[PDB]
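Enquirer:
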Amino acid sequence: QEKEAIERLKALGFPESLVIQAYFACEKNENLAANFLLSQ
Amino acid sequence: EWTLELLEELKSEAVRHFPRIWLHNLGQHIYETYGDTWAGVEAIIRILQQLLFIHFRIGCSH
Amino acid sequence: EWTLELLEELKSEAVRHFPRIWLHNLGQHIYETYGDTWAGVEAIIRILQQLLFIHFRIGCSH
Amino acid sequence: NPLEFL
Ligand SMILES: [Zn+2]
Ligand SMILES: [Zn+2]
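Protein chains in written order, with the deposited numbering: chain F, 166 to 205; chain A, 17 to 78; chain B, 17 to 78; chain I, 74 to 79.
1) Could you please give the first and the last residue of the uninterrupted alpha helix (DSSP H) stretch that includes residue 184/F?
2) Once DSSP output is grouped into helix, strand and coil, what is the label at residue 33/B?
3) Please report how far the alpha carbon of residue 29/A lies from the alpha carbon of residue 50/B, in whole angstroms.
4) To which residues of the same chain is residue 56/B closer than 8 Å at the C-beta, ignoring the five residues directly before and after it?
5) What is the rounded straight-line gap between the Cα of residue 66/A and the Cα of residue 21/B?
6) To the nearest angstrom, how far is it from the Cα of residue 78/B to the Cα of residue 62/B?
7) Kindly indicate which three-state DSSP category residue 193/F falls into: helix, strand or coil?
8) Rounded to whole angstroms, what's the CA-CA distance from residue 78/I to residue 38/B? Just pull it up for me.
9) For ligand 2, is there a heavy atom less than 7 Å away from the beta-carbon of residue 71/B?
10) So which residues of chain B does residue 22/A contact, with C-beta pairs closer than 9 Å?
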């Protein structure tokens, strides 16, 4: 179910390994991980 | 108590690398997930730590 | 609990930037000063964090 | 073993 979130996150244009790291460091939070990735 | 000095040390480092807009969104996550309870302070510490390390491997431009 | 998870993250990152035996010897010094108490865990967490931050500010070549 | 790095 949460692989959907990381796939949307990857579709932003980000490597999968980084996406998985940020998504879990941001607890469950797809939007917070997205805002983190886009702040880089 | 010791948690507060640690939290202060993370934040000083964190504000050198993360935009205010993102830290605000972090605070919003912590409030909705934890309220103002002490578990929220521990989450913030853990999140900022892991994100700082993730940030440095990506490449710190600062 | 949470403190041990925090420390395990630091130890994993730290070993990527500093020699393992040298970190291990830091741990023995802290053990000599604090025994098995939580104050020993709390000190090393602060030390490992500060060592990582100055390392990244100096310039991580890794 | 929290203070050990092996
Ligand atoms: Zn930075
Ligand atoms: Zn390094």
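For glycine and all other residues, C-beta sits at the position ideal for the given N, C-alpha and C.
Expert: Working from what's here:
1) Residue 184/F: member of the alpha helix (DSSP H) spanning 181 to 190, first to last residue.
2) It is coil, neither helix nor strand.
3) So the two alpha carbons sit approximately 27 Å from each other.
4) Excluding sequence neighbours, residue 56/B sits near 46, 47, 49, 50.
5) Distance between the alpha carbons of residue 66/A and residue 21/B is about 11 Å.
6) Between the C-alpha atoms of residue 78/B and residue 62/B there is a straight-line separation of about 22 Å.
7) Correct three-state label for residue 193/F: coil.
8) The C-alpha of residue 78/I lies about 9 Å from the C-alpha of residue 38/B.
9) Checking the Cβ of residue 71/B against ligand 2 gives yes.
10) Near residue 22/A (Cβ distances below 9 Å), the residues of chain B are 22, 58, 61, 62, 65.
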